[PDB]
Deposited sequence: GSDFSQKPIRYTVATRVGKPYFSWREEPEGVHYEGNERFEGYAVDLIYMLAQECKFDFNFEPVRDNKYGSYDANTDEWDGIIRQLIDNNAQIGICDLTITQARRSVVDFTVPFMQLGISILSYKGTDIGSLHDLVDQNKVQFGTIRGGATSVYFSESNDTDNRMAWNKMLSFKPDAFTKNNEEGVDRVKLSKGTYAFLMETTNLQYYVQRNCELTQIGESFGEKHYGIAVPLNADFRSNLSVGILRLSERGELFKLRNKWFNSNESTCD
């Protein structure tokens, strides 16, 4: 049994190895290790196919279509989708998910020297603009919330000029660095930790908020869903996911 593994390029989960390679050996990262571990645990072969548009997956109501990893699963061009793929209500409606392999939250990436100390403070001003990944799961946290403060955040993000949204974590982090403190990036704590440790001019504002999960995406009612889930839980209970997380996210 061989599974086509849809993913996207983005460190530390999945990226092109520096060559002084062929097939799966071209790639490295957290998600690469985890599929190898699961492949050995659940006994299956696999082929990594990073998606063409390099998107996570969002619904475009203007066209009634999905993109990114989620799209490849809907069209059955892939049997497994993985990265920092956050479980959302919209995504779960069109594809299935395994048990999560990582729990996380949301927080604020900022340039050092900022006076803002919380999300409430960030939304209650407009000298420092802020945004998220376009169509990403962090956008969902604000756009779907009934919480007044989150509503205000969402409406401010929509109003900012220029466009407050970015295509990925890399552009988000790059924008905070280039902006010298006039732009803050709302992102997941996992990715925030990764970048803040590798960029000394950046820091986290306030506490983590929200309860989010990364899961392996599979087609609805796939017969290898449970097999993948039991495998993830095995690695977790052994303490291997703890080690794996430290390997790629440990340390200005």
Next on the checklist: Against the full deposited sequence, which stretches does the structure leave out?
Outcome noted: 1 to 8, 29 to 32, 264 to 267, 269
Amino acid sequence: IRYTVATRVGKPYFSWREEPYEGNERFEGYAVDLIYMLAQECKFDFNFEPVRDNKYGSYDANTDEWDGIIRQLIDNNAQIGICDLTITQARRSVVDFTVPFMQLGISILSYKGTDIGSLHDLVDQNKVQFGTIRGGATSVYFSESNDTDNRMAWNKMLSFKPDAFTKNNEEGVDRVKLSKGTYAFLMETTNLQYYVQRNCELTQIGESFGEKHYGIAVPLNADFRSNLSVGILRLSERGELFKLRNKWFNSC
From here on, numbers count along this sequence of modelled residues.
Item to check | Stretch exceeding the other in mean C-alpha B-factor - 8 to 16, 237 to 245 | outcome: 8 to 16
Item to check | Of 175 to 183 and 101 to 109, the one with larger mean CA B-factor | outcome: 175 to 183
Item to check | From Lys127, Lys161, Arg92, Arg134, residue of greatest CA B-factor | outcome: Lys127
Checklist outcome for this item: Per the deposited entry, the peak Cα B-factor within the set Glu144, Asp147, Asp75, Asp84 goes to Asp75
Checklist entry - Comparing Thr114 with the other modelled residues of its chain, is its CA B-factor in the lowest, middle or highest third? => result highest
Item to check | Cα B factor band for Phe44 (lowest, middle or highest third within the chain) | outcome: highest
Next on the checklist: Split into thirds by Cα B-factor across the chain's modelled residues, where does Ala222 land: lowest, middle or highest?
Outcome noted: highest
Next on the checklist: Please say which third, lowest, middle or highest, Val123 falls into when its CA temperature factor is compared across its chain.
Outcome noted: highest
Checklist entry - Compared with the other modelled residues in the chain, in which third is the CA B-factor of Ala61? => result highest
